[PDB]
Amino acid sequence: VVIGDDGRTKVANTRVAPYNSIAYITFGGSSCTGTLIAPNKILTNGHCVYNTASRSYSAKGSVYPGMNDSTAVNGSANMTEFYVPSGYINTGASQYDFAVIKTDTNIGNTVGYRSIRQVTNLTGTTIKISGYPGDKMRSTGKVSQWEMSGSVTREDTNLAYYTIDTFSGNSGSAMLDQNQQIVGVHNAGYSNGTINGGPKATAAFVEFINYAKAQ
């Protein structure tokens, strides 16, 4: 959600790290954000790939790393396989709202990919959220990457929260620390639309990612 004044700014150059590894990702009826985490693997939210209400996987679409001004500046790849934690399929809970997508080509060798840092707690850490919000697409008529930084202001055992602005389309945007390491993934608005949040990169998160990376 957008909280008070909108602090997001357009990414100036998506040909450099970490922006080149952050992708606009499309499905049959929706889009999200994803981040390359291996040569042929994208991290996003579970809810982008699987709908708990309809018990249906999304249709496979395409991945555009560092798209800006509706231009595939770093090329594109197709989605071929989804990996979703059993926890998400069985509960739909935020603490499991992450997923990995395999691509048909090794596009991450060209643009790069981000490392994941296992954390316990994040409160007080400065993070950056960069991705592909739908409200900016409507207002500019172009698909571009938008970023904002801020502090993690509160947390529980599984989730971290922040007032960094997000909108539909940002689902799956990585929480990036100052070393460009992934420490969690944005998933939703919380507390009746007054704060944003998502799952931290806890032990359970990392275990699943390591499994998905080997497939």
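Note that residue numbering begins at 1 and tracks the sequence as displayed.
Undergrad: Report the stretch with the higher mean CA temperature factor, choosing between 150 to 158 and 34 to 42 on the basis of the entry.
TA: It is 150 to 158 that shows the higher mean C-alpha B-factor.
Undergrad: Got a sec? Mean C-alpha B-factor, which is higher, 131 to 139 or 96 to 104?
TA: Between 131 to 139 and 96 to 104, it is 131 to 139 that shows the higher mean C-alpha B-factor.
Undergrad: Using only the C-alpha B-factors in the record, can you name which of 173, 179, 26, 58 has the highest?
TA: Among 173, 179, 26, 58, the highest C-alpha B-factor in the entry belongs to 179.
Undergrad: By the recorded C-alpha temperature factor, relative to the other modelled residues in its chain, which third is residue 22 in?
TA: For residue 22, the deposited C-alpha B-factor lands in the lowest third.
Undergrad: Relative to the other modelled residues in the chain, which third contains the C-alpha temperature factor of residue 78: lowest, middle or highest?
TA: Middle third by C-alpha B-factor.
Undergrad: Considering every modelled residue of the chain and its Cα B-factor in the PDB entry, is residue 115 in the lowest, middle or highest third?
TA: It belongs to the middle third of the chain when residues are ordered by C-alpha B-factor.
Undergrad: Give the position of residue 183 by CA B-factor within its chain, expressed as the lowest, middle or highest third.
TA: Lowest third.
Undergrad: Sorting by Cα B-factor within the chain, modelled residues only, which third would residue 123 end up in: lowest, middle or highest?
TA: Middle third, going by the recorded CA B-factors of the chain.
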